[PDB]
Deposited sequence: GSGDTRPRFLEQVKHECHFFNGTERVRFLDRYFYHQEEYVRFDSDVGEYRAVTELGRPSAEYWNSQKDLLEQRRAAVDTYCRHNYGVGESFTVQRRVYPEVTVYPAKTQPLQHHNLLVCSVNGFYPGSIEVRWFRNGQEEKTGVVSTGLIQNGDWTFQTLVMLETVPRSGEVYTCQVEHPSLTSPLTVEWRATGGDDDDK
């Protein structure tokens, strides 16, 4: 289909800093990708973001009842929903499964540390060779979202293994209380 498309988007955003100590609410309106008007809880009124949003701001700012709804949002909406969902979202912890397998950059000179299934996203992966950290020659996929509330990442060490060498992939992650380490021997 070649007919032109037109998209309206709205995003009501709750931003949380140190739990619910500092909360910021943004009521954001978009035409295609262009945000045209916004309510910011730091401001307490709608403000046009672009020319297209001026009529919106004036209209909604003339409605005192609407504005007072939005000014309480940090309490009645953001902090509220934070409390309802905190246990299965903020407190969700899924620890990583760690696999090490060899590979070849050219038809093994590549050690893959596959870190799978963890939540949340923040993770540190390090490579060791006979107890020494190996920082040169590391490439990674970066952080990958699986879309099912888990992450994965592959961290690859370029190296020429000599016999009698032990390589160690070490994984740190908030679900862990001490680093997770997997060895590979040549």
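Visitor: So, counting the deposited sequence from position 1, which segments are absent from the coordinates?
Guide: Gaps vs deposited seq, in order: 1-3, 111-113, 193-200.
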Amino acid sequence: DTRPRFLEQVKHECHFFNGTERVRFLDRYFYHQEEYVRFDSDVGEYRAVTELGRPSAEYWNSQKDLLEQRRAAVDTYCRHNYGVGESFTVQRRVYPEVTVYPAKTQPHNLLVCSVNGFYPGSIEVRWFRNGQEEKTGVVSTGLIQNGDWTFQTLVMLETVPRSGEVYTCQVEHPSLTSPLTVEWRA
From here on, numbers count along this sequence of modelled residues.
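Visitor: Report the stretch with the higher mean CA temperature factor, choosing between 151-159 and 130-138 on the basis of the entry.
Guide: Looking at the record's C-alpha B-factors, the answer is 130-138.
Visitor: Which is higher on average in the deposited entry, the C-alpha temperature factors of 168-176 or of 9-17?
Guide: Mean B over CA atoms: larger for 168-176.
Visitor: Divide the modelled residues of the chain into thirds by Cα B-factor and specify which third, lowest, middle or highest, holds residue 114.
Guide: For residue 114, whose C-alpha B-factor we compare with every modelled residue in the chain, the answer is the lowest third.
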